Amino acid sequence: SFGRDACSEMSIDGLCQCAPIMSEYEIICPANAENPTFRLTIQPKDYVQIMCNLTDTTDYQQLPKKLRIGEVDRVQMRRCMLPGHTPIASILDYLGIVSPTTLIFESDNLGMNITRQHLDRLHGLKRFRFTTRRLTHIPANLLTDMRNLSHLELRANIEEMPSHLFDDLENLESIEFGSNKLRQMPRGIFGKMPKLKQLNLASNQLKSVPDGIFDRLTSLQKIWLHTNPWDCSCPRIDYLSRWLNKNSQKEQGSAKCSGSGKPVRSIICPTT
């Protein structure tokens, strides 16, 4: 585990400087640099933040060596690059970060397309947040083996969602897919979700949803569908209008119609 003694040792060799600030530790890599490659914030056994400023993936050599942070709950990686075709878990391993419950990877400088390999050796993760302003295509295998995952947030201007994205992810409790550019939803995307309580599909580009999309969401408590250009023509909006009327208590905010602006829940489709 990383402490005051481990922090003191770093300020002798000169590779990286450590400073005991408040109840945590601020690590600057390289030490004495105006614009450091790494800015680490370590609050022992609780939280570890990695503030990056890399021109290329090669700069990961500037990371503190022989560092043994140990067990940490939350890991926040801001502006960091994917270490090529190597898992993000390697950066965690190099720093001695053991069994993280949460991982937040926010970066507009990824350098490449996020693959299943970047998320490898992270099957024990409970919470995962991946944010990028850049146009990102998500593969179907990306979240495989992430079976212990209960919270997932993906804000990446994603246009299409692969159908087998949540294949063998039954422990999921919360999904945040807000402020993406999603036009569609696959038919059996939320098939095996017996533990999902919260689902956020707001601020997307959804005109419709396939019939029965939320029927297998038995544990659902909250749902966000607002700020979507919902096509409220019948019989297309029937399932969603009926579902949002029956599960009005679950709806957070109000999903409105493209033309009128009337809540989707207030639309009553006829039978023909």
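A residue's number is simply how far along the shown sequence it sits, counting from 1.
Comparing 198-206 with 145-153, the higher mean C-alpha B-factor in the PDB entry belongs to 145-153.
In this entry, 11-19 has the higher mean Cα B-factor, the comparison being between 249-257 and 11-19.
The residue among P229, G212, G70, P235 whose C-alpha carries the highest B-factor in the deposited model is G70. You'll see in the entry that, of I104, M185, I175, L169, the Cα B factor peaks at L169. Among all modelled residues in this chain, the alpha-carbon of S1 has a temperature factor (C-alpha) in the highest third.
Residue-level temperature factors show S266 in the lowest third of its chain, judged at the C-alpha atom. Ranked against the other modelled residues of its chain, the C-alpha B-factor of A31 as given in the entry falls in the highest third. Per the deposited record, the Cα B-factor of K65 falls in the highest third when ranked against the other modelled residues of its chain. Ranked within its chain, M77 lands in the lowest third, by CA B factor from the PDB record.
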